[PDB]
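*Asks:* Handing you this structure, nothing more for now.
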Amino acid sequence: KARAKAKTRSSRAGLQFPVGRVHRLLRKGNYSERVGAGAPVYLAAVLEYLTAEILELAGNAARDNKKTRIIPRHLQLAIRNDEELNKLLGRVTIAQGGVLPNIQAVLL
Amino acid sequence: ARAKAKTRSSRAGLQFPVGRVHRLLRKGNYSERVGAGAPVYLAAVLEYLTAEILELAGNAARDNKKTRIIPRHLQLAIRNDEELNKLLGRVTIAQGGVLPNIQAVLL
Amino acid sequence: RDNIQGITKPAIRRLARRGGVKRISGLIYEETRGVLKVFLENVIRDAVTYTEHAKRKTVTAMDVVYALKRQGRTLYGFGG
Amino acid sequence: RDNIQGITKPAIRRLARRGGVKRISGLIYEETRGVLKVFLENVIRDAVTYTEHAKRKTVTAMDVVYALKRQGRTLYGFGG
Amino acid sequence: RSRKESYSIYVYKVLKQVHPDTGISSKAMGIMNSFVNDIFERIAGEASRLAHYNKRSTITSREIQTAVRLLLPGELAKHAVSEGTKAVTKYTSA
Amino acid sequence: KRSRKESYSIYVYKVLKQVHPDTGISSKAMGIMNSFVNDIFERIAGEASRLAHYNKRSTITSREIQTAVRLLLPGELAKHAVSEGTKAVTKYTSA
Amino acid sequence: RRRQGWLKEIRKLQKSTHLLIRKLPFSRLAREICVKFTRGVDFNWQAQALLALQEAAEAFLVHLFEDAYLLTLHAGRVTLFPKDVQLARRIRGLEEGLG
Amino acid sequence: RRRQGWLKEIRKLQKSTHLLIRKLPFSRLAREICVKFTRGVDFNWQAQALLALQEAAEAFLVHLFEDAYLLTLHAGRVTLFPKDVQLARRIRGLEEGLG
Amino acid sequence: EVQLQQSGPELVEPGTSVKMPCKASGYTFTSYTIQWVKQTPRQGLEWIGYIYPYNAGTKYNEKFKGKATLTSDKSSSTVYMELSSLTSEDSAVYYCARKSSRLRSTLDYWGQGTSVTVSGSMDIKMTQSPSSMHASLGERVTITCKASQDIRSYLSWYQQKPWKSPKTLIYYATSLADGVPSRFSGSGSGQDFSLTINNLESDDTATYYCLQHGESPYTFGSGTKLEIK
Amino acid sequence: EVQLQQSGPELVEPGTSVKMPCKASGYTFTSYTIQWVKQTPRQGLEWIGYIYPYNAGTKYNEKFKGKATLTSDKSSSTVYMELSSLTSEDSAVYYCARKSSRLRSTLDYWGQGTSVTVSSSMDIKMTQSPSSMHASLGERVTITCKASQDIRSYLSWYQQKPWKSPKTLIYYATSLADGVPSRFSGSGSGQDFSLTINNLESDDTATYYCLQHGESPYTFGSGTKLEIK
DNA sequence: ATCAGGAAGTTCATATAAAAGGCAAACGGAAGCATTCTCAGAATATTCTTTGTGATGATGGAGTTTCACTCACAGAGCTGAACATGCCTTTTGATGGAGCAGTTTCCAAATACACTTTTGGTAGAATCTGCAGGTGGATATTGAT
DNA sequence: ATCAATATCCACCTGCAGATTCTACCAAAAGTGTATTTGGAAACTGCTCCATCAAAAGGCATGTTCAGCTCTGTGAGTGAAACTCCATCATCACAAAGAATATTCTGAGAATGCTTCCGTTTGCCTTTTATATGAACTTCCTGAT
């Protein structure tokens, strides 16, 4: 009858990442028997925060390289110039990212 | 009123519980459904690994002139073996000690 | 006397002899106390996180084993 | 010419300069070829195991990524 | 062909609100997709393991919160906890 | 009521009494063997779960368990565990 | 006339399995570290929790001394310096190394 | 009159990101290693599979050279020897080290 | 807890150079930048620069290029600061502040202060519209921090009692700092920002600053002195 | 594949010493023991000892304690055997065999052998009940190796062409080795064991041995010569 | 090659803590039958890997030199192990005790289930645009008087 | 303390490979009831951890000595970087072929669901035994000459 129009619960949570897709992936990923209502909201918020942090640091590195587009080296620099992000992505190799420019001081 | 019950462990010729392994596979959130031969195969693999470590540790206990296996004997049996040391690489055995390891420069 | 000084010089020397070390510099004791403090902070933080999520006030052996297991330091002989 | 000799001396030297090495002994090239062979054997064995379990005859990028991921060597940029 | 879903449009929506005049290459977008899937499976595995440790059948936002607190190092965990908490509190009043 | 608290102790003791008929085991060593069996169970079941999820399957079968064994055990250990599991599923399906 | 005893000390400590740090100093160290994370609240500790954490701590320390003494012998020395332990923690990485 | 070029070579290779091993030699090396596991059957390879495995191999090698050159500098040398690479693989452990 | 131990005052001659320590304790030293702030009582608070001890990476304000040099010591957990070519304008209090590498984090914990006593267009102007106001013992106080350019939410609030170090009130324009009661509340985004105290007390008599850290030269506010009867 | 390269034949004097190599290739060298077998054509095959190159651990037969010494070299993947005080009862072929540290694994791959001609005990005994037999090209032949004390299925079978290295047929008393056809079949446990060939050829003309490795002095069988008509 | 003598292995009592053995309850595994539903097999379209060939210039290989490094050794000076002696934190153990973790019931808010409708995400087109390559001036070494 | 040569860096043109933008459409998310059930709260219990006193001896702290180590410098000899020139092998582009992978439909065997019954497992008592400890005996191997 008076069926209200659909609002995405991403927009209800004020988020950009999909709460419904995160809920479906939790529900199909064999993690538990049940998934609460606030769990995909919380998880989509955490994933959006981490994405925003890395993209903003990589955009700052791209602007410091006088460039407009973010390439994998910009992500490599943004992650490896950061103690907490380097500890998080410790056993992670980024393709086409290169290395940090580290020369040992005794050689100079 | 029905047939005499046989355990799936005795039907597979095993010592580890196929029924308990099947119930743990069902309740451990690994898949939606579990096949019939999967707990049989897994109970057989767990029994093989248990038998291998217990036989090496019993040999270490007998070489120590002892008749009871202790964590030191398990530590020696696992760390004197390439494949078992690679399997239990990031594993600490409590009250197991270390291997006798003096570098040859010091002698 | 601070509690990190309760990790005495003969205990650190004894751990190093079990590690097979012949001679031991006098500067190694504060180094070993710092490494032990970093290790215990990283384990106890996760064990307290497991304890608080279980709504308890007692750190259990399983909480310590879970904290070690999620750091790649699986311990046998205390449950699990 | 064996295929491990296709990993040439300028390539190994170039990898070592990206690693920041100033001078490079002549014995390091066979050492590097042996280490590379051990690494590729351990990765390709698991990737072939994933490929054979999927009942395929083509090693895919996801098979390589899964083989690396189960060895603690997570690779970004090829799927997953 | 199959549908082959990803996080690319969502990463792009986040990118063009942290930097409105910055693009991203397709290889860097694939790396960000791999990052989001990796952190998803890491947090979901830890929350699953917590719910199994405490004999619970349901993963809730409390399990997700303590999995975030276990997995992220330092101030990263504190700000992710504040973001997840404010998203849940403005979701429940809606 | 004290709870159930199940373990693998009597099964490990049954395996010990056929690899060494006159050797006992201490309680701490039995706890370590229980931890070993739980660790290897979780490791194989998690790898088989990931295999069934990669290949879009709902079922963990003995083929998933077999390839998880081949991925997780090193060297000849995987070879003898595969032959033992294959012999057990053959003896199970023949009965 | 002084005799050597480091070789006999290494040979008896590499066949013993007991804990080398005293239980009560390790216990109050662990409780002081626990106070700084529980927002001032004193948690309780099971005895097996403290024993498990002491087993883990001593195994970590002994393996780190082995890896650092390889570095001592690599530099042509016999005496273990703190730079050996620091380099051994740096090469083990973030997970195996620090912490 | 010979000038040095190792410093300029390090400074340009630590800002480049391209692959340093040639694609076709690495490809036939990977295929020869793949033959020995598939019971003589020649599997096919996606191009992205070989690129992913070459990215992983070169990242592994560069990080191992960094960790081994720390050992070179620890021994008071400048020249990287094979004993440095062997000790760096021994200290990284079984997972991070060999393989 | 987190303490940034900083040295005492100096009575030095022009043309010389002064080092000052910021020995920090209570946290993992390499995980956090150490920022440096000059406080002249003619220009308020000014950001000098930081060092990040994880990789010894620095960044300086353009007003202090060549004047300031930041070094660090991982062994002693200490950050030093060179002050070359001392002049009459280099007579101030030099704080060292603890800031995470997180983009929304702010100057969390401050040093005691070092009183050194001698013997630019593309920056973001932070305009606090009340320079000083008077208050009762329970009424409402609202302070604005109108900004020149678009910082998104990277704005933080500080209070400074006289001859003391600043204390962090609010970070990320809304979030309360640790140990700050809910009487303090922040609002706004973009260029409009607000600071609000509900139940005025005796200890709320201080100077209230706003800091932006959205763009790489960090700029403080002019300050707002609050007198409470 | 797995190949164990071994030196050529040597003609030596009494009282001297022989160091013979067992250069190995095709596998990870430290994961496997290298076992050593003496073959005189009057006492059959005898087990000498092994070295385990993972930790340089050795174990010797009591007949060769002091007579033999085993060393290894990881850099060359070579295991050496040193024989001291050479006597006339050393005119034999010395094989080096590849064996895993698995308890049910057997001597998998063999070297070609080194003939060493010196120019002038409370263990388990294995009993080949036929010593020589005769059969045609289609008959079924059984061979039994009744044991002495007890071995719970730690028995393996080998065939040997004349002046060739032994080839593994069956391990763990029932399991087929790699590359062995299903004509060969083994059975038994405890003390009674059996070996069976179904469809004989000219390839089945060899000497058939049984090896126990249940207890630490490893003991071969007396041998069984089967020949085709 | 021979004495001195403590460290190390051996052996017998032997007690005692810890491990093996026995019984009852409850709980979970098996048997049997009905229902569902997953995936192997078969047929087939469509991608994308293999392989071949010409071009072509990019770059590795090989030989020579030389100088910058490694390595062995010696001596000066530091410093950690050994050792003796007192005394003080650790440990056992003991009762009490009480905080608190685990157990059992209940029921209500939350989660799954199913159907229907809308909508947004993705694959496939057409269209724009950052950047890498390429060619010249400011600038900062690098030798060299 | 300043000139020829060269690497580094910036200004600018542009071709294009790659990013961006625009359209069906289909899969999936959201809305709406509905029945199910999990876990939080409350009362209660017995477990086990915290804390305190005696004590006692075992282990640690402290100061000295010296011999064995670290460190720095030197010189002989080695070996790796630099440089050159070509020709070999890698790369790229394209056609094609076809092997192999992905898609779609079907049904049958295999997995689940549920009920009932019984065999197994576990917790709590009850013996009994291997091993640590103590003490006397024998050998070995280093220290000394």
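Chain lettering (A, B, ...) mirrors the order of the structure tokens, residue numbering begins at 1 for each chain separately, and ligand numbering begins at 1 in order of display.
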Need the shell around region 49-55 of chain L: protein/DNA/RNA residues with any atom at most 10 Å away, counting only C-alpha atoms (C1' of nucleotides). Skip same-chain ones fewer than 4 positions apart. Format as number ranges by chain?

*Replies:* C: 58; G: 44-47; K: 92-94, 97-100

*Asks:* Write out as a compact mmCIF listing (two decimals) with C-alpha atoms, in the first residue's frame the residues lying within 6 Å of residue 97 (chain A), counting only C-alpha atoms (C1' of nucleotides) and excluding same-chain residues fewer than 4 positions away.

*Replies:*
```
# COMPACT_ATOMS: atom_id res chain seq x y z
CA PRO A 72 51.23 2.40 -7.21
CA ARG A 73 54.50 4.09 -6.18
CA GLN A 76 54.07 2.44 -1.69
CA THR H 17 59.75 0.79 -10.27
```

*Asks:* At a cut-off of 8 Å, using only C-alpha atoms (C1' of nucleotides), what residues contact residue 2 (chain I)? Leave out same-chain residues fewer than 3 positions from it and give the result as JSON, numbers by chain.

*Replies:* {"I": [24, 25, 26, 27, 109]}

*Asks:* Take the residues from that selection and put them in a file with C-alpha atoms, as a tab-separated table (two decimals), in the first residue's frame.

*Replies:*
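Listing of selection.tsv after writing:
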```
chain	number	residue	atom	x	y	z
I	24	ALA	CA	60.01	11.67	25.64
I	25	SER	CA	58.80	8.71	27.66
I	26	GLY	CA	55.72	6.56	28.10
I	27	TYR	CA	55.12	5.55	24.48
I	109	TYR	CA	50.90	16.08	24.76
```

*Asks:* Enumerate as a PDB file with N, CA, C and O atoms, in the first residue's frame the residues belonging to chain H that approach chain K to within 12 Å, with only C-alpha atoms (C1' of nucleotides) taken into account.

*Replies:*
```pdb
ATOM      1  N   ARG H   1      91.644   7.472 -15.837  1.00  0.00           N
ATOM      2  CA  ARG H   1      90.688   8.293 -15.104  1.00  0.00           C
ATOM      3  C   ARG H   1      89.306   7.646 -15.117  1.00  0.00           C
ATOM      4  O   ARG H   1      88.529   7.831 -16.055  1.00  0.00           O
ATOM      5  N   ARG H   2      89.007   6.875 -14.078  1.00  0.00           N
ATOM      6  CA  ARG H   2      87.725   6.202 -13.937  1.00  0.00           C
ATOM      7  C   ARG H   2      86.914   6.879 -12.842  1.00  0.00           C
ATOM      8  O   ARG H   2      87.423   7.115 -11.742  1.00  0.00           O
ATOM      9  N   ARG H   3      85.661   7.188 -13.148  1.00  0.00           N
ATOM     10  CA  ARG H   3      84.742   7.807 -12.207  1.00  0.00           C
ATOM     11  C   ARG H   3      83.826   6.754 -11.597  1.00  0.00           C
ATOM     12  O   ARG H   3      83.648   5.661 -12.141  1.00  0.00           O
ATOM     13  N   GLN H   4      83.248   7.091 -10.450  1.00  0.00           N
ATOM     14  CA  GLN H   4      82.315   6.195  -9.784  1.00  0.00           C
ATOM     15  C   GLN H   4      80.910   6.380 -10.345  1.00  0.00           C
ATOM     16  O   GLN H   4      80.523   7.476 -10.757  1.00  0.00           O
ATOM     17  N   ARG H  22      64.657  -9.869 -16.935  1.00  0.00           N
ATOM     18  CA  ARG H  22      63.994  -9.911 -18.229  1.00  0.00           C
ATOM     19  C   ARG H  22      62.878 -10.955 -18.254  1.00  0.00           C
ATOM     20  O   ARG H  22      63.005 -12.055 -17.691  1.00  0.00           O
ATOM     21  N   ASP H  42      52.744 -30.128 -19.390  1.00  0.00           N
ATOM     22  CA  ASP H  42      53.000 -28.702 -19.550  1.00  0.00           C
ATOM     23  C   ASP H  42      51.716 -27.940 -19.253  1.00  0.00           C
ATOM     24  O   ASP H  42      50.769 -27.977 -20.044  1.00  0.00           O
ATOM     25  N   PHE H  43      51.677 -27.256 -18.113  1.00  0.00           N
ATOM     26  CA  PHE H  43      50.571 -26.352 -17.857  1.00  0.00           C
ATOM     27  C   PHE H  43      50.717 -25.082 -18.680  1.00  0.00           C
ATOM     28  O   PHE H  43      51.795 -24.740 -19.165  1.00  0.00           O
ATOM     29  N   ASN H  44      49.606 -24.379 -18.832  1.00  0.00           N
ATOM     30  CA  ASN H  44      49.652 -23.042 -19.389  1.00  0.00           C
ATOM     31  C   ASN H  44      49.806 -22.027 -18.269  1.00  0.00           C
ATOM     32  O   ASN H  44      49.577 -22.318 -17.096  1.00  0.00           O
ATOM     33  N   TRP H  45      50.207 -20.826 -18.648  1.00  0.00           N
ATOM     34  CA  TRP H  45      50.383 -19.723 -17.721  1.00  0.00           C
ATOM     35  C   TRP H  45      49.691 -18.501 -18.287  1.00  0.00           C
ATOM     36  O   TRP H  45      49.922 -18.141 -19.442  1.00  0.00           O
ATOM     37  N   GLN H  46      48.845 -17.871 -17.481  1.00  0.00           N
ATOM     38  CA  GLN H  46      48.391 -16.533 -17.810  1.00  0.00           C
ATOM     39  C   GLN H  46      49.566 -15.570 -17.762  1.00  0.00           C
ATOM     40  O   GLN H  46      50.551 -15.801 -17.060  1.00  0.00           O
ATOM     41  N   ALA H  47      49.467 -14.491 -18.541  1.00  0.00           N
ATOM     42  CA  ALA H  47      50.527 -13.490 -18.538  1.00  0.00           C
ATOM     43  C   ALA H  47      50.598 -12.775 -17.197  1.00  0.00           C
ATOM     44  O   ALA H  47      51.689 -12.488 -16.691  1.00  0.00           O
ATOM     45  N   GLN H  48      49.442 -12.525 -16.586  1.00  0.00           N
ATOM     46  CA  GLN H  48      49.403 -11.885 -15.284  1.00  0.00           C
ATOM     47  C   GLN H  48      49.910 -12.794 -14.177  1.00  0.00           C
ATOM     48  O   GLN H  48      50.410 -12.287 -13.174  1.00  0.00           O
ATOM     49  N   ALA H  75      79.813  -6.503   9.771  1.00  0.00           N
ATOM     50  CA  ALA H  75      81.119  -7.135   9.842  1.00  0.00           C
ATOM     51  C   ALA H  75      82.254  -6.201   9.455  1.00  0.00           C
ATOM     52  O   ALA H  75      83.395  -6.654   9.339  1.00  0.00           O
ATOM     53  N   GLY H  76      81.975  -4.919   9.251  1.00  0.00           N
ATOM     54  CA  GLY H  76      82.998  -3.976   8.864  1.00  0.00           C
ATOM     55  C   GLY H  76      83.420  -4.047   7.419  1.00  0.00           C
ATOM     56  O   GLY H  76      84.460  -3.481   7.067  1.00  0.00           O
ATOM     57  N   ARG H  77      82.656  -4.723   6.573  1.00  0.00           N
ATOM     58  CA  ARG H  77      82.940  -4.825   5.155  1.00  0.00           C
ATOM     59  C   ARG H  77      82.072  -3.865   4.353  1.00  0.00           C
ATOM     60  O   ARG H  77      81.238  -3.133   4.885  1.00  0.00           O
ATOM     61  N   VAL H  78      82.293  -3.874   3.043  1.00  0.00           N
ATOM     62  CA  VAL H  78      81.561  -3.073   2.069  1.00  0.00           C
ATOM     63  C   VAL H  78      81.083  -4.022   0.971  1.00  0.00           C
ATOM     64  O   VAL H  78      80.048  -3.800   0.335  1.00  0.00           O
ATOM     65  N   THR H  79      81.789  -5.135   0.803  1.00  0.00           N
ATOM     66  CA  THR H  79      81.491  -6.094  -0.251  1.00  0.00           C
ATOM     67  C   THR H  79      80.564  -7.183   0.272  1.00  0.00           C
ATOM     68  O   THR H  79      80.882  -7.858   1.254  1.00  0.00           O
ATOM     69  N   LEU H  80      79.433  -7.363  -0.403  1.00  0.00           N
ATOM     70  CA  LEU H  80      78.454  -8.377  -0.034  1.00  0.00           C
ATOM     71  C   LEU H  80      78.960  -9.772  -0.378  1.00  0.00           C
ATOM     72  O   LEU H  80      79.163 -10.082  -1.551  1.00  0.00           O
ATOM     73  N   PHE H  81      79.124 -10.627   0.628  1.00  0.00           N
ATOM     74  CA  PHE H  81      79.580 -12.001   0.445  1.00  0.00           C
ATOM     75  C   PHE H  81      78.408 -12.970   0.537  1.00  0.00           C
ATOM     76  O   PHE H  81      77.336 -12.602   1.017  1.00  0.00           O
TER      77      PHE H  81
END
```

*Asks:* So, counting only C-alpha atoms (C1' of nucleotides), which residue among K:20, K:112, K:34, K:55 is closest to chain A?

*Replies:*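 Checking each of K:20, K:112, K:34, K:55 against chain A, counting only C-alpha atoms (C1' of nucleotides), the winner is K:112.
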
*Asks:* Least-squares fit on all C-alpha atoms, paired in order: put chain H onto chain G and return it as a JSON list (two decimals) with C-alpha atoms, in the first residue's frame.

*Replies:*
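Wrote it out as result.json, contents follow:
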```json
[["chain", "number", "residue", "atom", "x", "y", "z"],
["H", 1, "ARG", "CA", 94.16, -20.02, 39.40],
["H", 2, "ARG", "CA", 90.72, -19.46, 37.85],
["H", 3, "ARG", "CA", 89.01, -22.19, 35.83],
["H", 4, "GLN", "CA", 86.40, -21.78, 33.11],
["H", 5, "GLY", "CA", 82.78, -22.63, 33.79],
["H", 6, "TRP", "CA", 80.88, -21.10, 30.89],
["H", 7, "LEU", "CA", 81.03, -24.36, 28.92],
["H", 8, "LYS", "CA", 79.62, -26.41, 31.80],
["H", 9, "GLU", "CA", 77.00, -23.72, 32.42],
["H", 10, "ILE", "CA", 75.87, -23.82, 28.77],
["H", 11, "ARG", "CA", 75.85, -27.63, 28.75],
["H", 12, "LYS", "CA", 73.68, -27.89, 31.86],
["H", 13, "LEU", "CA", 71.31, -25.07, 30.85],
["H", 14, "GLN", "CA", 70.79, -26.57, 27.40],
["H", 15, "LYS", "CA", 69.63, -29.83, 28.94],
["H", 16, "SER", "CA", 67.49, -28.31, 31.68],
["H", 17, "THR", "CA", 63.94, -27.19, 30.89],
["H", 18, "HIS", "CA", 62.93, -25.16, 33.95],
["H", 19, "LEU", "CA", 62.11, -21.46, 33.90],
["H", 20, "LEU", "CA", 65.08, -19.15, 34.35],
["H", 21, "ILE", "CA", 63.35, -15.95, 35.47],
["H", 22, "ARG", "CA", 61.96, -15.96, 39.00],
["H", 23, "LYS", "CA", 58.18, -16.29, 39.20],
["H", 24, "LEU", "CA", 57.30, -13.47, 41.60],
["H", 25, "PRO", "CA", 59.47, -10.76, 39.90],
["H", 26, "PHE", "CA", 58.07, -11.79, 36.52],
["H", 27, "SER", "CA", 54.55, -11.80, 37.99],
["H", 28, "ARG", "CA", 54.73, -8.29, 39.39],
["H", 29, "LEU", "CA", 56.36, -7.05, 36.17],
["H", 30, "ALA", "CA", 53.44, -8.50, 34.18],
["H", 31, "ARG", "CA", 50.91, -7.00, 36.59],
["H", 32, "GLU", "CA", 52.54, -3.55, 36.36],
["H", 33, "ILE", "CA", 52.41, -3.77, 32.56],
["H", 34, "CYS", "CA", 48.77, -4.93, 32.78],
["H", 35, "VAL", "CA", 47.78, -1.90, 34.92],
["H", 36, "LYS", "CA", 48.75, 0.52, 32.14],
["H", 37, "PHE", "CA", 46.20, -0.98, 29.71],
["H", 38, "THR", "CA", 43.18, -1.61, 31.95],
["H", 39, "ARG", "CA", 42.59, 2.12, 32.70],
["H", 40, "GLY", "CA", 43.88, 1.75, 36.25],
["H", 41, "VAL", "CA", 41.71, -1.29, 37.04],
["H", 42, "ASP", "CA", 43.58, -4.22, 38.58],
["H", 43, "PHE", "CA", 42.68, -7.37, 36.69],
["H", 44, "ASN", "CA", 43.19, -10.78, 38.19],
["H", 45, "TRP", "CA", 45.53, -13.35, 36.70],
["H", 46, "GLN", "CA", 45.20, -17.10, 36.64],
["H", 47, "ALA", "CA", 48.39, -18.87, 37.69],
["H", 48, "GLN", "CA", 48.49, -20.71, 34.37],
["H", 49, "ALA", "CA", 48.17, -17.40, 32.51],
["H", 50, "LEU", "CA", 51.34, -16.08, 34.17],
["H", 51, "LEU", "CA", 53.11, -19.40, 33.58],
["H", 52, "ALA", "CA", 52.08, -19.38, 29.91],
["H", 53, "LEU", "CA", 53.28, -15.81, 29.45],
["H", 54, "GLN", "CA", 56.57, -16.60, 31.20],
["H", 55, "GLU", "CA", 57.14, -19.69, 29.01],
["H", 56, "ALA", "CA", 56.51, -17.52, 25.95],
["H", 57, "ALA", "CA", 58.76, -14.70, 27.19],
["H", 58, "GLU", "CA", 61.71, -16.95, 28.01],
["H", 59, "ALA", "CA", 61.42, -18.87, 24.73],
["H", 60, "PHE", "CA", 61.40, -15.55, 22.86],
["H", 61, "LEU", "CA", 64.46, -14.30, 24.76],
["H", 62, "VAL", "CA", 66.49, -17.50, 24.29],
["H", 63, "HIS", "CA", 65.78, -17.64, 20.55],
["H", 64, "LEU", "CA", 66.67, -13.94, 20.22],
["H", 65, "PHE", "CA", 69.98, -14.54, 22.01],
["H", 66, "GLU", "CA", 70.74, -17.39, 19.59],
["H", 67, "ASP", "CA", 70.02, -15.22, 16.54],
["H", 68, "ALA", "CA", 72.01, -12.31, 17.98],
["H", 69, "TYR", "CA", 74.98, -14.48, 18.87],
["H", 70, "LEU", "CA", 75.13, -15.62, 15.25],
["H", 71, "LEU", "CA", 75.67, -11.92, 14.52],
["H", 72, "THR", "CA", 78.31, -11.72, 17.22],
["H", 73, "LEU", "CA", 80.22, -14.56, 15.58],
["H", 74, "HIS", "CA", 79.66, -13.05, 12.13],
["H", 75, "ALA", "CA", 81.53, -9.88, 13.14],
["H", 76, "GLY", "CA", 84.51, -11.87, 14.41],
["H", 77, "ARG", "CA", 83.66, -11.25, 18.06],
["H", 78, "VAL", "CA", 82.88, -13.52, 21.01],
["H", 79, "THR", "CA", 81.19, -10.93, 23.23],
["H", 80, "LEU", "CA", 77.49, -10.26, 22.61],
["H", 81, "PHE", "CA", 76.90, -6.51, 22.17],
["H", 82, "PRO", "CA", 73.55, -4.65, 22.10],
["H", 83, "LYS", "CA", 74.06, -3.81, 18.41],
["H", 84, "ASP", "CA", 73.86, -7.56, 17.74],
["H", 85, "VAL", "CA", 70.46, -7.81, 19.45],
["H", 86, "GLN", "CA", 69.24, -4.67, 17.66],
["H", 87, "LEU", "CA", 70.30, -5.97, 14.25],
["H", 88, "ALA", "CA", 68.77, -9.38, 14.97],
["H", 89, "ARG", "CA", 65.48, -7.68, 15.83],
["H", 90, "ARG", "CA", 65.72, -5.56, 12.67],
["H", 91, "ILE", "CA", 66.30, -8.53, 10.36],
["H", 92, "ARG", "CA", 63.54, -10.70, 11.88],
["H", 93, "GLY", "CA", 61.08, -8.00, 10.82],
["H", 94, "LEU", "CA", 58.12, -6.33, 12.45],
["H", 95, "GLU", "CA", 56.30, -9.45, 13.67],
["H", 96, "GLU", "CA", 59.14, -11.83, 14.57],
["H", 97, "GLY", "CA", 61.43, -8.97, 15.61],
["H", 98, "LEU", "CA", 60.17, -6.07, 17.71],
["H", 99, "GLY", "CA", 57.75, -7.48, 20.26]]
```

*Asks:* If you count only C-alpha atoms (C1' of nucleotides), which residues fall within 8 Å of residue 54 (chain B), apart from same-chain ones fewer than 6 positions away, as a PDB file with N, CA and C atoms, in the first residue's frame?

*Replies:*
```pdb
ATOM      1  N   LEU B  74      59.202 -34.552  23.473  1.00  0.00           N
ATOM      2  CA  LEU B  74      58.504 -34.020  22.300  1.00  0.00           C
ATOM      3  C   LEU B  74      59.314 -32.936  21.599  1.00  0.00           C
TER       4      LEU B  74
ATOM      5  N   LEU F  16      49.335 -44.130  21.203  1.00  0.00           N
ATOM      6  CA  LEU F  16      50.591 -44.391  21.896  1.00  0.00           C
ATOM      7  C   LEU F  16      50.716 -45.851  22.304  1.00  0.00           C
ATOM      8  N   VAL F  19      51.944 -47.610  19.109  1.00  0.00           N
ATOM      9  CA  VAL F  19      53.293 -47.338  18.611  1.00  0.00           C
ATOM     10  C   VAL F  19      54.366 -47.676  19.651  1.00  0.00           C
TER      11      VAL F  19
END
```

*Asks:* Running DSSP on the backbone, which parts of region 29-78 of chain B land in strand (DSSP E), as a VMD selection string?

*Replies:* chain B and resid 33 to 34 68 to 69

*Asks:* Using CA of residue 12 (chain D) and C1' of residue 93 (chain L) as the two end points, give the distance in Å to one decimal.

*Replies:*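 These atoms are spaced 29.5 Å apart.
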
*Asks:* Hey, can you check how far CA of residue 188 (chain J) sits from CA of residue 173 (chain J)?

*Replies:*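 One can read the CA of residue 188 (chain J) to CA of residue 173 (chain J) distance as 6.6 Å.
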